[PDB]
Each structure stands twice: as structure tokens, then as C-alpha cells.
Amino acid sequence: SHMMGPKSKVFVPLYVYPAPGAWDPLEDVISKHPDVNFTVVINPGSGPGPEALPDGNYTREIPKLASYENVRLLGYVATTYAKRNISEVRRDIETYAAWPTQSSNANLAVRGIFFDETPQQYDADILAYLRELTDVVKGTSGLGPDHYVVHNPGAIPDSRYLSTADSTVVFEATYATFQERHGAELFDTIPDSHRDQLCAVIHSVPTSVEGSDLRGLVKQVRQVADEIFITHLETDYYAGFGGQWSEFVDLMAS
């Protein structure tokens, strides 16, 4: 069968600075593929920055993306492996949440939070910390309607953490590493899990993984992860668009 299996969201760690035109390659595929859902993490400065609003480039460009119904913007918030003081994490959540009211622009807003550097190891105190953060996201005006929560442990965490987030990035590494761990098979090791809970980020894909070879990779990952980012960049892979970005999104639309 040439069917691609379960549909996945395109996950976009959009750590490209929003100079005029810089986000065009993303807007172009969002517009071309209204049937594809995009989860887009924005990140002014490892967080929302030191002020109530981000800079004028962000305030111009964010509403343009937010205007598309198939986009779900998330604000990046660091947790430093749950060692970051929870009051500081909360300040960052609340800063994003207040964006539309602080700016008087309803489209200068995010629909949830992406928590970077969540821990892998199980500990009851960490679970309580993560659950509290989810409660904060779900209860804070300005992050609706979705109040989405994504975690990025950058590796497989204890499965008890998965239900505290809408999605967890359980693979964030090079294509070489993906292959060393037998690709989609690595996901089969995760107990008490479902693809709808999981995100995969694969960078540094060799350019020879193209055409039908890229189609095969996308299909393999779609089976196991409901949100996916794949890029052929090996440097600055979250701060620019890979040479097969449009092809990747086309395959996600297939």
C-alpha cells in the first residue's frame, strides 16, 4: 500500500529570528496545506524575554501565524530539568498568557506552552512539579482555547510523565542516532504510551535521504509519533529551513 498511515502534526521549533521575510517558508507551507496541523514553538529569548512583550519583529510576525486556523502557537519556557524555580517558570507562562491583553492585540497570543528540558527520571516531587505546571497552563487566561502542554525531555522519560502533557518530545537527535537505535523500533520500548502522546524531532538527515527515501522515513515516523519535525540541516537546525522542508511538509500532507 502506498498510503502513509496515521496523520501527524508538523512540529516546528521556530527558533528563527522574525526578521522581515524570515518566517515566509513556514507561512508558505501553512497556506499551501490547510489540511495539515502545525504546532509552532516560538521562543523570543529562551522564554518570552525580560519584558511584558517581545520585540517589534515578534509583535508583527506572531499575529500573522496566529491568524491561520491550522496553526497552534506555543510559548517556549525552560525548566532546567525541573530544577528551575517554579515561580520563575510561572512568570514566563504568565508573560505569554498576558500578551494579548498587554498588547491589545487578540492575535498576539499563544495557545499553550512548550516546556523545554523536562527530566527523564521518575521522582514523585518532579511529577508534582510537572502536574502543577500543567494546572497553571490550563488555568491561565490568555492560553486558550487549547491550553496545550508539550514537554521536551529530548529522550524517553519515565512513562508516568506522558499523561501530564498533550505531547512529549521523546526523540530529539540526529538521523544517525535515530538509525543506531533502529528508528521507529525505539518507540516500541516505551510502556503505557500511544503515538498521540509523542513527538519526534530528527535533524541532520543526510541529503541523500530524498525522494522515495524521505517518503519512507516520514511514513515510519508517522506510525509512532503524532507530531514530527524532520530537517536536513546539521547546523542551526531550529534556526533555518532545511533544503527539503517543502518536500517534508508535502509528505506530511499525504
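Numbers for residues come from their place in the sequence shown, where the first is 1.
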Comparing 50-58 with 210-218, the one whose average Cα B-factor in the PDB entry is higher = 50-58
query = Hey, which bit's got the bigger mean C-alpha B factor in the entry, 162-170 or 77-85?
reply = 77-85
task = Could you check 198, 40, 202, 30 and tell me which one carries the biggest Cα B-factor in the deposited entry?
result = 30
request  = Would you mind checking which of 95, 118, 134, 141 has the top Cα temperature factor in the PDB entry?
outcome  = 141
task = Name the third of the chain's ranked CA B-factors that contains residue 187, choosing lowest, middle or highest.
result = middle
task = Place residue 113 in the lowest, middle or highest third of its chain's C-alpha B-factors, as listed in the PDB entry.
result = lowest
ask   = In terms of the CA temperature factor given in the entry, to which third of its chain does residue 124 belong: lowest, middle or highest?
value = highest
key: B-factor third for the C-alpha atom of residue 151 within its chain   = lowest
ask   = Taking the entry's C-alpha B-factors for this chain, is residue 239 in the lowest, middle or highest third?
value = middle
